[PDB]
């Protein structure tokens, strides 16, 4: 819960971010960014979202005891975006 980076990104015209997430409570694995595809919002935002980053918060929500499907639903919950941006707190 230290050396954390706050990442802010707006989605594309199709409402996608360009990253993959693996893990969650049900899989007994931490939530990890498995891919960051080129030229996408997760690739072009500064600070950049990187592969291997562990997701800690999504729009301020603690994901520790949440299932993989709940994490994905949190990412897609556009109404929870502060000023239309998805906020992530990650551990590189």
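Residue numbers count along the first chain shown, from 1.
Inset, instruction - Could you tell me whether residue 70 lacks coordinates in at least a third of the other compared entries whose models cover its neighbours on both sides? - result: Modelled in all the others, so no.
Legend entry - residue 12 unmodelled in at least a third of other compared entries: No: coordinates for residue 12 present in every compared entry.
Legend entry - Stretch exceeding the other in mean C-alpha B-factor - 24 to 32, 52 to 60: The recorded data point to 24 to 32.
Legend entry - Per the entry, higher mean C-alpha B factor between 10 to 18 and 71 to 79: Higher mean C-alpha B-factor in the PDB entry: 10 to 18.
Legend entry - CA B-factor placement of residue 37, once the chain's modelled residues are sorted into thirds: Within its chain, residue 37 is a middle-third residue by C-alpha B-factor, going by the deposited values.
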